[PDB]
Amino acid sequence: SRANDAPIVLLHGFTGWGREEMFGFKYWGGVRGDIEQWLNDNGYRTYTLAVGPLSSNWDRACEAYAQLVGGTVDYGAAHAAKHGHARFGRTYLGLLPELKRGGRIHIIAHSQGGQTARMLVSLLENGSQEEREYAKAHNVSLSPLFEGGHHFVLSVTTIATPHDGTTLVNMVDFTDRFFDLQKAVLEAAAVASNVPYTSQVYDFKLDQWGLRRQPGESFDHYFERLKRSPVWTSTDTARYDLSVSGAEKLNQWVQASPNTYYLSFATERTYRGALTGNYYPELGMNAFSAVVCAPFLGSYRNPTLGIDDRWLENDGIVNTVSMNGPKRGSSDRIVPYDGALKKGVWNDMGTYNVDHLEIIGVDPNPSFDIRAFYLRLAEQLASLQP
């Protein structure tokens, strides 16, 4: 039974784009349909955020904040000075300006979106001590995001999120493979990487770095520029936060709010070798992951980083063990779902045999009833006791 009226807000990972981008091919639904529309049509009011796919979780949280409540993105004077990018970004009207006036939301997040969502909650509730102190010392303005005492997120649900990072980042040649993964996602959308699109198609939203694809510039050529830019080479990046080391650093400060329900869903699409104890991609895994990513994920061990056999099961992009909630560098509690959802802890909703891209419908999987999955989740979220 419904116990709240909080709106659902969808949040993508290290790829992802707005509803009018990609010629309307949805990140949330892909070849399967339009998840936001399914939810809305079934009485679960649902919106979609679109933030910088390659940007740091911090940047993306600041962007999400302004997209939701309205205003001009403010990355924080101290943060901007530290990393050498613009303090201020784009300007929004604001999807839900009544979030400053008592509304609440459920965030459903895929992949790296789960990090971003946790970070938004932390900043909303606690602010940033560093930004507060910087603003004083330098007599400059402070975003309300960094004040603390804002509480508008009732729940965060994470789906295939690298809470403890993914070992994919440690691959030799991760740089080229990672942008080749982006190209494979474009291609799933029937977008070519060697075509000189004059329309925007897929805006990487890198205003703060001064980066933008030129009209007529192919994604091939653009991605070569990005590889060489600070959104690939700095520590203020998705790349850094995605790594086992970076995720652990994030976990050291981004904690579970006692006022928020956290739900985690994991994914795996592998079988174990009886002789090697390695894991191997199943029939039906999206081809790019199967060929380029999964073999590494299911075989890479690293005693120095605490990467052992428990890390090898994977969904083609992220180690499954990473997904049930933050553990490395974290004091968050994780509890197996027992039929009653709890505040302030990770409600571990278990592991689904679906790959990183299947679970959002970008890769097909006709035995996965993706509509039923999201509708059941929306029904659970609606049941949450304020």
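Note that residue numbering begins at 1 and tracks the sequence as displayed.
Enquirer: Can you tell me which stretch has the higher mean Cα B-factor, 299-307 or 248-256?
Expert: If you average the C-alpha B-factors of 248-256 and of 299-307, the larger mean comes out for 299-307.
Enquirer: Look over 329-337 and 60-68 in the entry and identify the one with the greater average Cα temperature factor.
Expert: It is 329-337 that shows the higher mean C-alpha B-factor.
Enquirer: Have a look at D207, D236, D315, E282 and flag the one whose Cα has the highest B-factor in the entry.
Expert: Max CA B-factor in the entry, restricted to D207, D236, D315, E282: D207.
Enquirer: Checking the record values for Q182, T158, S199, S122, which has the greatest CA B factor?
Expert: Of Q182, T158, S199, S122, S199 has the highest C-alpha B-factor.
Enquirer: According to the PDB entry, is the CA B factor of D41 in the bottom, middle or top third of its chain, that is, lowest, middle or highest?
Expert: For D41, whose C-alpha B-factor we compare with every modelled residue in the chain, the answer is the highest third.
Enquirer: Please place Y374 in the lowest, middle or highest third of its chain by C-alpha B factor as given in the entry.
Expert: Middle third, going by the recorded CA B-factors of the chain.
Enquirer: Which third of the chain holds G277 when residues are ordered by C-alpha B factor: lowest, middle or highest?
Expert: Top third by C-alpha B-factor.
Enquirer: Mind checking which third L226 falls in for C-alpha B-factor across the chain?
Expert: According to the entry, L226 has a C-alpha B-factor in the chain's middle third.
Enquirer: Rank-wise, by C-alpha B-factor, drop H85 into the lowest, middle or highest third of its chain.
Expert: According to the entry, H85 has a C-alpha B-factor in the chain's middle third.
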